[PDB]
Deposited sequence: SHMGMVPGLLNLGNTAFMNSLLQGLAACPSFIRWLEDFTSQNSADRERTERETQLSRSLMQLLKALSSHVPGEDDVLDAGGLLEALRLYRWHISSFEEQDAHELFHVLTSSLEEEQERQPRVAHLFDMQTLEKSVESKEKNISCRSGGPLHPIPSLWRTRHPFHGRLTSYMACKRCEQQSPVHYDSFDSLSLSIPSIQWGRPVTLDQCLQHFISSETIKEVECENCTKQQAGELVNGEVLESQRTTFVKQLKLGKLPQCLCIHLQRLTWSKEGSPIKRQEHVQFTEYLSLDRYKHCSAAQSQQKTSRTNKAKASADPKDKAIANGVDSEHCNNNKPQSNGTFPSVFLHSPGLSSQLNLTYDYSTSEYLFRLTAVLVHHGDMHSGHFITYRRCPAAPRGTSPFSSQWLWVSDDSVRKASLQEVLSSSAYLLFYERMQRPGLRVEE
């Protein structure tokens, strides 16, 4: 039995990347609610099978099955959306983007899914101080590079939104304020120094933070960052706050998030395992909309875990729910 807990998931052939992600998504009740609304035949197998699994993985009352078979979802993926081989290891983050995009594609075939946010992208030429049109880009996750004394999530966020200077950037303005040269006459296209900066625009109800543990060495080889990145149960994003997705559009603690799951990669740059720390399903009569109890889940194996253990882990994907506005 799994009395105070949740079902595990069969590993269907190196599919820890799917099981860990499912356990994480199951701890995001807003995403589940969205999918429920959404799911209310091959073309919709992905969303239906995902819905069935998340529902079975988010039930306060224990279900009939200790371990679930995610075969309908894997099948829908491999056959219809993401043509991966049967026994190859994959990146849970890459699966995450496959799912959000596939679900949005089922949708446009209506509110956006709750992981969806927007970044603001500002840039200006240092030579003429002309500001470029603002880009408002969708995001489904924030992929943070880890800076190089311990590293904190806040330092990663800060690095993400910090301004930078970029050289040899085309500026049409400075190109036209340029005198031509008598050679015929040639007008050299002016490339200048720009300041650029990303800021958090619209914040999602469900937040997926992706810590980039896989990078590239100076010697030209992949390397995995193993070091702890210090993160907290509660994350305030107030600090980190036209063209939209490429299309010209129109434009005319408050942001407090509570951690609900931590997906962890165990292994090196080439392979390994994924496990998930997650909250227990919400109870009907809790004093909070969330359970204070945590679980550790490795495919079929489920156990209780302490928040200490959670916070001390090597986070790869972090999942949060936005807490109701003040």
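Checklist entry - What stretches of this chain's deposited sequence are missing C-alpha coordinates? => result Comparing the full sequence with the modelled residues, the uncovered ranges come out as 41-49, 119-157, 197-200, 236, 295-320, 332-364, 439-444.
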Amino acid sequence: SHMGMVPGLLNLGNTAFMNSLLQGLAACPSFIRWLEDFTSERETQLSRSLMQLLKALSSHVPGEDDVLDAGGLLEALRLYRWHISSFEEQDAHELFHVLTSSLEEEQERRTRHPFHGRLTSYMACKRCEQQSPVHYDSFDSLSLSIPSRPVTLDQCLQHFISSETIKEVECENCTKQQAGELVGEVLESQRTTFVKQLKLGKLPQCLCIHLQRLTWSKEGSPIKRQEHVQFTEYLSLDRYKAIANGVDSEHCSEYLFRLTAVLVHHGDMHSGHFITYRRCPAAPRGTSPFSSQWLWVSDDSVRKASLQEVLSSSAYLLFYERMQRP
From here on, numbers count along this sequence of modelled residues.
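Checklist entry - Which has higher Cα B-factors on average according to the PDB entry: 54-62 or 261-269? => result So the stretch with the higher mean C-alpha B-factor is 54-62.
Next on the checklist: Quick check on the record: does 187-195 or 76-84 carry the larger mean Cα temperature factor?
Outcome noted: Higher mean C-alpha B-factor: 187-195.
Checklist entry - Highest CA temperature factor in the entry: which of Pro222, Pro150, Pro114, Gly201? => result Of the candidates given, the C-alpha B-factor peaks at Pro150.
Checklist entry - Out of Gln230, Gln212, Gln178, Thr100, which shows the largest CA B-factor listed in the entry? => result Max CA B-factor in the entry, restricted to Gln230, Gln212, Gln178, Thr100: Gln178.
Item to check | Entry-reported Cα temperature factor of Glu170, expressed as the chain third it lands in | outcome: According to the entry, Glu170 has a C-alpha B-factor in the chain's highest third.
Next on the checklist: Using only modelled residues of the chain, where does the Cα B factor of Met3 rank: lowest third, middle third or highest third?
Outcome noted: Highest third - that is where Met3 ends up once the chain's C-alpha B-factors are sorted.
Checklist entry - Split the chain's modelled residues into thirds by Cα B-factor; is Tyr122 in the lowest, middle or highest one? => result As the PDB entry reports it, the C-alpha B-factor of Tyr122 lands in the highest third of its chain.
Checklist entry - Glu106: which third of its chain by C-alpha temperature factor? => result Its C-alpha B-factor, which the entry lists for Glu106, ranks in the highest third among residues of this chain.
Item to check | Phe290 - Cα temperature factor, lowest/middle/highest third of chain | outcome: CA B-factor rank for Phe290: middle third.
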